Amino acid sequence: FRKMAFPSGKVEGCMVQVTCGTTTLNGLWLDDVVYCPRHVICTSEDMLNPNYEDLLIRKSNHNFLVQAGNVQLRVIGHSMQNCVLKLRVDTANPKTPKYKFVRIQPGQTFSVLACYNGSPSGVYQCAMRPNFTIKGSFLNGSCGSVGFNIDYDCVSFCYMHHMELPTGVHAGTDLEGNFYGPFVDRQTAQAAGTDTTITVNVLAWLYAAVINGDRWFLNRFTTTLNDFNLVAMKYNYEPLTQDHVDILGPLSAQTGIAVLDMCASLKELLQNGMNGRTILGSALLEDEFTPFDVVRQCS
Amino acid sequence: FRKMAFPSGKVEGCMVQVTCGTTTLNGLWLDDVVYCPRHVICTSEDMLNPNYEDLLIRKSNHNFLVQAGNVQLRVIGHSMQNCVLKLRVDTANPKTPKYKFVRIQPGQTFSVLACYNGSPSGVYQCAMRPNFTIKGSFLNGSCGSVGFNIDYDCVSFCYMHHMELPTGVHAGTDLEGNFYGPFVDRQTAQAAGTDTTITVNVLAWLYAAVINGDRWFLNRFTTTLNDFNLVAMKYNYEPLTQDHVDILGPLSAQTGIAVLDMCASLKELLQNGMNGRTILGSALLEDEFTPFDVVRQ
Ligand SMILES: Cn1cnc(Cn2c(=O)nc(Nc3cc4cn(C)nc4cc3Cl)n(Cc3cc(F)c(F)cc3F)c2=O)n1
Ligand SMILES: Cn1cnc(Cn2c(=O)nc(Nc3cc4cn(C)nc4cc3Cl)n(Cc3cc(F)c(F)cc3F)c2=O)n1
């Protein structure tokens, strides 16, 4: 049982480089439009406190250099949608997959294709944190890298990377240009709200552990949904809804362990700790696998 | 630090399905050859103790169903090299990347493109364990999935998945069909040897911690390589090779910490533990990041 990302080929064929003067980052080329963070129009000076409508009115199509590998794509139009710039180009991307733009909710996972200067570099799985950050692996030049899910050859794009916060976590937008979380696309120090643990995901991962043979944390105690949620809230865990209980149904059926019985196991782990033991080789309770992630990798 | 895979697109374009009768698995289509585990020629009654030479003689080109998606690739020649079947097909794959076949050492990492029925499903990073297994994530139908590294647009293929062992770890071959480890391609219970910790990779992880400013474990001692190797084996750690010392060179240079001084720091951690302290936010020493992985990040 590993963190597993979707195959990245359908997205690799869409990555391009976008340059404005000295400023360069990654863009996403779908049909005849390139999507990228609007931060690209900023000079070093502009970055600290940009007025984007002002900066963009002073721009012309020919100010934008879009490179797909070695081939330059000519910009024939541009517009801004919130924090995303849309560059219309005179060529359609022949590698454009079937795709959709989606806004995900906290706790949901996605694959990240980290890119630098328009070239893909690596792929890994992430989760939208409850405080709307992501704990990614991004370096300088990764701005504009995207996160996505794939279902039946349709790529659902959900994240476009913008910035690293002082704590090392990451902030970005959906592909409509709206930030996840209370952040803005300005180079100034920004903190996130206090984060919490994604409870339904921890439970899914405990089920993964049982499916893979690690059972030491199970017990014969039990709990009600409300009494579990009281303890969860005490420990900065997200509440578990009846919808979450329903979504864990397939894993409870496969393992014969009722959801509220797994909740009682988690309650004990929160109250007692792991006593130096590990679960799926982890010394800490992992919360970045969804119930669907576990079902897909174990079935 | 987390495990990151290489982008998988160059390998996705090479995955195909190979079927013999009802036995079906994944193959790798490069130029006009498809590579796949020879186990595919086993009927369910042959899988226990197959006579592969006798099974191959009964086979003709037209017995092999090779499919890219739903498109059949006509087989024009077939041969067996060690544990891999090589099916020559009448179409050169237009998506063939620049590639080579390499045989890796324990501790080396690679990306796995897990596939089912010729269809890529997921990608993740893996390390070759000292006992020549990999702690992968594979289901039924994954036979023939490959592992690879990418360096400057060249794909180095290093693993072809064959089987799951009773302990849940996985065993396979290089792309010349030679198994990693003392395994054979028969559906018989084979136990993996006792595993050990990948010392060169733990050392890389310590350098990564130093680079990020976490350096409490740097002690005032040094050691010789022979001295360290003898101590390491008493803690179930792998001995270091001359090649290992060399691949730590870049990280040693970047930090200014001699390899042998870092060995002495590791030795102290093996003989005393960590005393509640963590390294890179982890109470456990990570051994599946190579020195290349560390610099890669
Ligand atoms: C360490 N790290 C992790 N993720 C990131 C992402 N990231 C980034 O790749 N680039 C940024 N600033 C730029 C500087 C440039 C210098 N040149 C020549 N061109 C540049 C282009 C960019 Cl985008 N930033 C900072 C940043 C990016 C934003 F989109 C934003 F709204 C505010 C910010 F402070 C950055 O975080 N780096
Ligand atoms: C749970 N798991 C994790 N990895 C694996 C890999 N694996 C596999 O995918 N298939 C195997 N046997 C087959 C059965 C088939 C049934 N049909 C209809 N077609 C089949 C094709 C195969 Cl390959 N095996 C077992 C196995 C495969 C070998 F290549 C080998 F040499 C020995 C073995 F015991 C398998 O491990 N499953």
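Heads up, residue numbers simply count up from 1 along the chain you see.
We read in the header that X-ray crystallography, 1.8 Å was used to get this structure.
For all residues, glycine too, the Cβ spot is worked out from N, Cα and C.
The feature active site, for 3CL-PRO activity is assigned by Swiss-Prot to B:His39, B:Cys143. Residues annotated as ubiquitin cross-link in Swiss-Prot: B:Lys3.
The structure, with features from Swiss-Prot marked on it.
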residue	record	Cβ neighbours (10 Å)
B:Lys3	ubiquitin cross-link	21
B:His39	active site, for 3CL-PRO activity	24
B:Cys143	active site, for 3CL-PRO activity	25
* To do: Based on DSSP, name the secondary structure state of B:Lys3 (ubiquitin cross-link): helix, strand or coil.
  => coil
* To do: Report, in sequence order, every one of the recorded positions (B:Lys3, B:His39, B:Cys143) having a CB within less than 8 angstroms of a CB belonging to chain A; if no such residue exists, report 'none'.
  => B:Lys3
* In whole Å, how far is B:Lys3 (ubiquitin cross-link) from B:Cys143 (active site, for 3CL-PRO activity) when you measure between their Cα atoms? -> 23
* Structure fact -> Rounding to whole Å, the Cα atoms of B:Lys3 (ubiquitin cross-link) and B:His39 (active site, for 3CL-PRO activity) are apart by 31
